[PDB]
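Engineer: Fold the following, please.
(3 chains)
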Amino acid sequence: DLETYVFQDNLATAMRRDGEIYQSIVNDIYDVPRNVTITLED
Amino acid sequence: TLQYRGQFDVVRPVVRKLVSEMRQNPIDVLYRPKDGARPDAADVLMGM
Amino acid sequence: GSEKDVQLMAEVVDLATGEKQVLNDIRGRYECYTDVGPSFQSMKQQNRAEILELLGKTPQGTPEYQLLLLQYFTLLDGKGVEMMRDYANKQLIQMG
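Structural biologist: Residues are numbered from 1 along each chain as shown, chains lettered A, B, ... in the order given. Sure, structure below:
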């Protein structure tokens, strides 16, 4: 494809690492809501 | 003694092209059930 | 029962030792010749390839094309594709 495909893959790996770090920080700082269904008949 | 020693490379682009070509086609292991077994024998193992 | 492929087997134990003993008839040993073809990995892939070839050779808008499509669909492996396999089996059975 492009001339910079390897660099794009390296950037994607770095972005995955950044996403992992951000997810951990969110779990340890913010208030994540838990989704639950009452499953009521009405 | 100290003399001029240049480095005019011509082979690095070939290696770069080959690694870029092999990076564009990822390969991973696919488990398939044996012929005599059930159709879904390799579901939980594949997910794991 | 018509055309029941029992697949009869014959094995006998020595009754003096735990080892078994094979029993192969001589008359029906050499009754399939060797040939050269493409390389696959399981008997299901061979059937899938043959069904694909027959689909390629069969013109569209024909009952044979529909039968070949259903026969191909009822040969998939993954559990994610189970809806189509069950539907194809049901259609093939209901068409007789």
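Engineer: Let me see the ranges of the helices in chain C.
Structural biologist: C:43-57, C:63-73, C:83-94 (DSSP state H).
Engineer: would a markdown table of the ones you listed with mean neighbour count and distance to residue C:5 be doable?
Structural biologist: Yep, even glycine has a C-beta here, placed from its N, CA and C like the rest. Listed next are those as a markdown table, based on neighbours: other CB atoms under 10 Å in any protein chain shown; distance: least, CB to CB, whole Å:
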| stretch | mean neighbour count | distance to residue C:5 |
| --- | --- | --- |
| helix C:43-57 | 14 | 16 |
| helix C:63-73 | 16 | 19 |
| helix C:83-94 | 13 | 19 |
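Engineer: right, and those helices - which one's nearest chain A?
Structural biologist: Closest approach to chain A among the helices of chain C (CB to the nearest CB): helix C:83-94, 24.7 Å.
Engineer: Packing partners of the closest one?
Structural biologist: For helix C:83-94, the packing partners by 3 or more CB pairs under 8 Å, 6 or more residues apart in numbering or on different chains; DSSP states H and E come out as helix C:63-73.
Engineer: still on that earlier bit, dump the helices of chain C into JSON lines; add distance to residue A:4 as well.
Structural biologist: Putting these into JSON lines (distance: least, CB to CB, whole Å) gives the following:
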{"stretch": "helix C:43-57", "distance to residue A:4": "39"}
{"stretch": "helix C:63-73", "distance to residue A:4": "41"}
{"stretch": "helix C:83-94", "distance to residue A:4": "41"}
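Engineer: Out of those helices, which gets nearest to residue A:28?
Structural biologist: helix C:83-94 (41.4 Å; CB to CB).
Engineer: if we look at the closest one, which residues are touching it?
Structural biologist: Helix C:83-94 is contacted from outside by B:39, C:67, C:69, C:70, C:71, C:73, C:74, C:75, C:76, using CB atoms under 8 Å, 6 or more residues apart in numbering or on different chains.
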